[PDB]
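Asks: So that we are looking at the same thing, I have put the structure below in structure tokens.
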Amino acid sequence: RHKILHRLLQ
Amino acid sequence: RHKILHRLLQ
Amino acid sequence: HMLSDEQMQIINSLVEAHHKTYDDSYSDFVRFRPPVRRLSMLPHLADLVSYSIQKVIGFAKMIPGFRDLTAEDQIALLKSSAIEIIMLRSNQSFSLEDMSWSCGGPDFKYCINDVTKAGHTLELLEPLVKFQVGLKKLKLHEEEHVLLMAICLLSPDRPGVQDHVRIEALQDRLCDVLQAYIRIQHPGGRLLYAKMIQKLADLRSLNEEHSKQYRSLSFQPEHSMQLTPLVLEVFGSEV
Amino acid sequence: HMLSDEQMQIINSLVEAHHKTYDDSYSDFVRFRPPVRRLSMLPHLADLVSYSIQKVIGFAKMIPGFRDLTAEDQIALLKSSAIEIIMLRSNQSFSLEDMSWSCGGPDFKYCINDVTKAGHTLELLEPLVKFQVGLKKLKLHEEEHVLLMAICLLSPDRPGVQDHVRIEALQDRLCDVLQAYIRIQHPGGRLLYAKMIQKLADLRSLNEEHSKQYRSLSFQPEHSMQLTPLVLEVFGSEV
Ligand SMILES: C=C1/C(=C\C=C(/CC)c2cccc(CCCCCC(C)(C)O)c2)C[C@@H](O)C[C@@H]1O
Ligand SMILES: C=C1/C(=C\C=C(/CC)c2cccc(CCCCCC(C)(C)O)c2)C[C@@H](O)C[C@@H]1O
């Protein structure tokens with residue numbers, strides 16, 4: 001998953 | 001699941 | 001006619017549960033992430049709502065009959081009604097003078113605009129304030145307010161509920177307690193019961209609108225990251 | 001001998017990334033759930049750590065080469081090193097006078113005891129303070145501190161990493177930049193590089209201990225509910 005981390009890495 | 005809710009309902 | 005011992009014990013237990021789970025000073029509000037006036041009010045309001053879910057669970061556990069339901073029905077009932085119970089209980093802080101929820105000082109006075117800064121729109125906030133004004137004008141006794149919350153919680157028409165016959169029975173037992181309370185103890189309440197039952201219908205549409213707006217917010221990881229584990233779980237789609 | 005343009009550009013980019021992601025005033029600390037002195041410090045420290053993960057991500061994204069790795073290696077590297085980068089970056093607030101992290105005032109001065117109130121033990125806090133004292137005594141240049149963080153982040157020996165040859169190369173490129181910086185620009189740094197590489201070994205055991213203690217906390221829903229979505233995701237077991 002890792003929804004937040006993916007967003008924060010753009 | 002509902003781990004928190006289960007705990008809070010004891 | 002008059003109320004029976006059983007009906008009186010139901011009122012006693014509910015009023016006590018509310019006194020145990022609702023603080024009129026709002027002193028726990030200093031422990032939340034502070035209010036800020038892109039969605040500057042979301043951390044504070046997520047903390048406020050997370051805190052209130054905990055209180056609603058506390059209240060629910062003391063509603064006579066609720067503790068006897070399966071953990072599954074208890075969860076299904078809490079999940080779908082939480083926002084409605086939060087809307088009902090918030091009425092105690094709502095002021096008709098400034099159309100806001102006044103919870104202590106300048107920091108904890110919440111207006112429509114503040115909730116807009118929590119990712120919500122006037123499609124929800126306009127009928128919410130109208131619902132708040134209407135419910136406030138009913139000048140409910142503490143006994144009626146506490147009964148209305150318990151009646152709302154025990155609505156059998158919710159997604160996920162399994163034992164709709166046992167929940168419908170507890171709700172009807174509570175509806176008769178309310179009806180009798182207004183009849184015996186509320187002078188001029190001849191049309192109150194109906195007005196109150198109509199407020200539950202209002203909550204269903206307010207709930208639907210909140211869920212839509214919340215789904216939007218919860219789908220954007222930059223906003224969902226500002227929520228709490230308890231808010232995510234309760235307003236979340238898991239079965 | 002002297003540093004090359006490429007080595008100099010690496011130092012420039014890293015120092016700038018740290019200046020952009022580390023606030024020496026600690027002014028954002030007022031936005032966290034306030035410190036309280038059952039695990040009274042957990043909300044504040046979870047908010048502090050969540051805020052720091054965001055900063056570490058900010059820093060990481062500017063490490064030359066990191067942005068070119070797969071989103072998977074970027075996540076695998078962040079997940080396993082985050083606590084180590086947090087431990088390294090916290091050194092800038094550590095004081096040898098009071099053996100604490102001083103972040104503004106009486107509220108944001110953190111001692112061993114405060115972290116104990118966040119569900120941590122002296123099995124972690126005793127070697128952490130000893131690591132903090134040791135690293136502080138190295139009187140690192142800003143260039144060495146920033147290089148040490150980037151070297152730590154780009155360690156190929158982490159669970160989940162796939163391209164261990166490309167990460168090992170970026171890390172070695174950074175290790176040569178550090179080695180040359182100490183040689184050219186650090187008078188008396190003859191034994192510094194070794195002492196620094198030894199601090200990374202220390203971080204591995206500190207990381208292992210933190211993960212154990214965090215797993216304990218994360219398994220108790222009453223404690224896990226006080227964490228943030230970002231902390232849960234980064235310190236969580238998902239692949
Ligand atoms: C929550 C309470 C209070 C005010 C309530 C208020 C007004 C502040 C409010 C109530 C229900 C719904 C809303 C709008 C949605 C809030 C945001 C929740 C998420 C999950 C982000 O969608 C506001 C203040 C006190 O009366 C305590 C009471 O429990
Ligand atoms: C985090 C920072 C600061 C202090 C750090 C400190 C000392 C407060 C600390 C650092 C690493 C680990 C620990 C112990 C574990 C913290 C709790 C995290 C969870 C997820 C609950 O296990 C403390 C303060 C400033 O230097 C900023 C810096 O980023």
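Numbering starts fresh at 1 for the residues of each chain in the structure tokens, the chains themselves are lettered A, B, ... in the order given, and ligands are numbered from 1 as they appear.
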Counting only C-alpha atoms, what are the residues of chain C within 8 Å of chain B, and for each of them which pair of atoms is the nearest and at what distance in Å, to one decimal? Sort the table by chain and rising number, as a Markdown table.
Replies:
```
| residue | atom | partner | partner_atom | distance |
| --- | --- | --- | --- | --- |
| C:54 | CA | B:8 | CA | 7.6 |
| C:57 | CA | B:9 | CA | 7.1 |
| C:61 | CA | B:9 | CA | 7.1 |
| C:71 | CA | B:6 | CA | 7.2 |
| C:75 | CA | B:5 | CA | 6.9 |
| C:229 | CA | B:4 | CA | 7.9 |
| C:230 | CA | B:4 | CA | 6.5 |
| C:233 | CA | B:2 | CA | 6.4 |
| C:234 | CA | B:5 | CA | 7.6 |
| C:238 | CA | B:1 | CA | 7.0 |
| C:239 | CA | B:1 | CA | 7.0 |
```
Asks: Let me see if you get this right: every residue at most 7 Å from ligand 1, counting only C-alpha atoms and all ligand atoms, written as a PyMOL selection string.
Replies: chain C and resi 42+45-46+48-49+52+83+86-87+89-93+101+103+110+115+118-120+210+214+231
Asks: Mind checking which residues fall within 12 Å of region 6-13 of chain D, counting only C-alpha atoms, ignoring those fewer than 2 positions away in the same chain, and posting them as a PyMOL selection string?
Replies: chain D and resi 2-4+15-20+59-65+141-148+150+170-171+173-181+184-185
Asks: Looking at C:192, C:169, C:82, C:206, which one is nearest to residue 121 (chain C), with distances taken over only C-alpha atoms?
Replies: C:206
